[PDB]
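Student: Input: one structure, supplied below.
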Amino acid sequence: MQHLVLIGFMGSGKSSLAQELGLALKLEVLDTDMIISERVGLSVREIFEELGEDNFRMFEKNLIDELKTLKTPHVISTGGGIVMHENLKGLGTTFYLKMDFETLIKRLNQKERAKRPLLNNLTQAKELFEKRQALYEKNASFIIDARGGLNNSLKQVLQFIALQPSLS
Ligand SMILES: Nc1ccc2c(O)c(/N=N/c3ccc4c(O)cc(S(=O)(=O)O)cc4c3)c(S(=O)(=O)O)cc2c1
């Protein structure tokens, strides 16, 4: 329970907020997708295609284990699915970057939707969104409204840390 872990959907801007936060609080910033992708020598798309989702999820689960040994606190941005690992419990204080369905759908591109059929019909897209939101909300210490831009998300994270310094 040492780090500030940002969770949420693709496109909620976790990374960007993570970096800002690193600067703000004088802390190192890590990114789970970047770690795994720089290791394997492939992008994340390329991993799922070349290696399979199961294999990525194993890298991911393993990587959580590693990060729980870091000594100093860091700000960690995480991939969308990371919240599926029981393992993630104990890594740190999770903040959900809450973004709305409409804007998250608009933020996806063609390559993203090309390979995931659930994103292409309304009904399933919403159903997916609802069940995974509930999973981010379950697993979150703080919910952050990301709809107001990065600065406003940053102001909320800092509010909470101002109030409970045991966090950082
Ligand atoms: N509570 C949960 C549980 C599972 C999630 C989850 O599995 C996610 N992403 N999943 C996939 C699965 C297959 C993919 C696939 O086969 C290709 C690509 S890609 O070409 O765009 O890189 C991305 C893929 C993302 C995302 S979330 O959408 O990442 O938020 C969020 C999730 C949130």
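Going by the structure tokens order, chains are called A, B, ..., each with residues numbered from 1, while ligands are numbered from 1 in the order shown.
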Enumerate as an NGL selection string the residues within 8 Å of ligand 1, counting only C-alpha atoms and all ligand atoms.

Tutor: :A and (8-11 or 44-46 or 48-49 or 52-53 or 79-84 or 111-116 or 131-136)

Student: Using DSSP on the backbone coordinates, identify the residues of region 18-118 of chain A assigned to helix (DSSP H, G or I); present them as an NGL selection string.

Tutor: :A and (18-25 or 32-40 or 44-51 or 53-67 or 80-84 or 86-88 or 101-107 or 110-114 or 117-118)

Student: Hey, what's within 12 Å of residue 65 (chain A) if we count only C-alpha atoms and toss same-chain stuff fewer than 3 positions away? As a JSON list (two decimals) with C-alpha atoms, in the first residue's frame, please?

Tutor:
[["chain", "number", "residue", "atom", "x", "y", "z"],
["A", 32, "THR", "CA", 2.55, -0.87, -16.68],
["A", 58, "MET", "CA", 0.66, -13.20, -17.13],
["A", 59, "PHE", "CA", 3.28, -10.58, -17.82],
["A", 60, "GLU", "CA", 0.89, -8.10, -16.13],
["A", 61, "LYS", "CA", 0.23, -10.25, -13.04],
["A", 62, "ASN", "CA", 3.91, -10.95, -12.66],
["A", 68, "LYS", "CA", 5.30, -4.35, -4.80],
["A", 69, "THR", "CA", 9.06, -4.61, -4.02],
["A", 70, "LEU", "CA", 10.00, -1.11, -5.05],
["A", 85, "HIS", "CA", -5.76, -9.45, -11.15],
["A", 86, "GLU", "CA", -6.47, -10.30, -7.38],
["A", 87, "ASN", "CA", -2.82, -9.69, -7.11],
["A", 88, "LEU", "CA", -3.32, -5.83, -7.56],
["A", 89, "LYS", "CA", -4.55, -5.70, -3.96],
["A", 90, "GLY", "CA", -1.69, -4.35, -1.87],
["A", 91, "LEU", "CA", 0.08, -2.47, -4.64],
["A", 92, "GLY", "CA", -1.13, 0.90, -3.54]]

Student: Figure out the distance between CA of residue 20 (chain A) and CA of residue 98 (chain A), please, to one decimal in Å.

Tutor: 17.3 Å

Student: Enter the distance from CA of residue 154 (chain A) to CA of residue 18 (chain A), in Å, rounded to one decimal.

Tutor: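 Going from CA of residue 154 (chain A) over to CA of residue 18 (chain A) covers 9.0 Å.
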
Student: Select, from A:97, A:108, A:128, A:143, the residue with the minimum atom-to-atom distance to residue 7 (chain A), counting only C-alpha atoms.

Tutor: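 For residue 7 (chain A), the nearest of the given residues is A:97.
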
Student: Can you check which residues of region 23-147 of chain A DSSP gives as strand (DSSP E) on the backbone and send them as a PyMOL selection string?

Tutor: chain A and resi 28-31+74-77+92-98+142-145

Student: Within 10 Å of residue 105 (chain A), counting only C-alpha atoms, which residues show up once you throw out same-chain ones fewer than 5 positions away? Write them as a ChimeraX atom specification, please.

Tutor: /A:10-11,100,113,119-120,122,125-126,129

Student: Deliver the residues from the most recent selection as a file, using C-alpha atoms, as an mmCIF file, in the first residue's frame.

Tutor:
data_model
loop_
_atom_site.group_PDB
_atom_site.id
_atom_site.type_symbol
_atom_site.label_atom_id
_atom_site.label_comp_id
_atom_site.auth_asym_id
_atom_site.auth_seq_id
_atom_site.Cartn_x
_atom_site.Cartn_y
_atom_site.Cartn_z
ATOM 1 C CA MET A 10 -8.269 3.219 -22.268
ATOM 2 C CA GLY A 11 -8.489 6.836 -23.062
ATOM 3 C CA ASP A 100 -18.321 8.783 -19.314
ATOM 4 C CA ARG A 113 -12.321 -1.141 -32.662
ATOM 5 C CA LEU A 119 -17.128 -2.056 -29.095
ATOM 6 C CA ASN A 120 -19.045 -1.974 -32.373
ATOM 7 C CA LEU A 122 -24.294 -0.142 -28.743
ATOM 8 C CA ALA A 125 -20.537 -1.706 -25.638
ATOM 9 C CA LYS A 126 -22.767 -0.324 -22.779
ATOM 10 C CA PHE A 129 -18.788 -0.489 -19.900
#

Student: Please indicate the distance in Å from CA of residue 23 (chain A) to CA of residue 160 (chain A), rounded to one decimal place.

Tutor: 16.7 Å

Student: From the list A:139, A:123, A:168, A:78, which residue is nearest residue 13 (chain A) when using only C-alpha atoms?

Tutor: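 Nearest to residue 13 (chain A): A:78.
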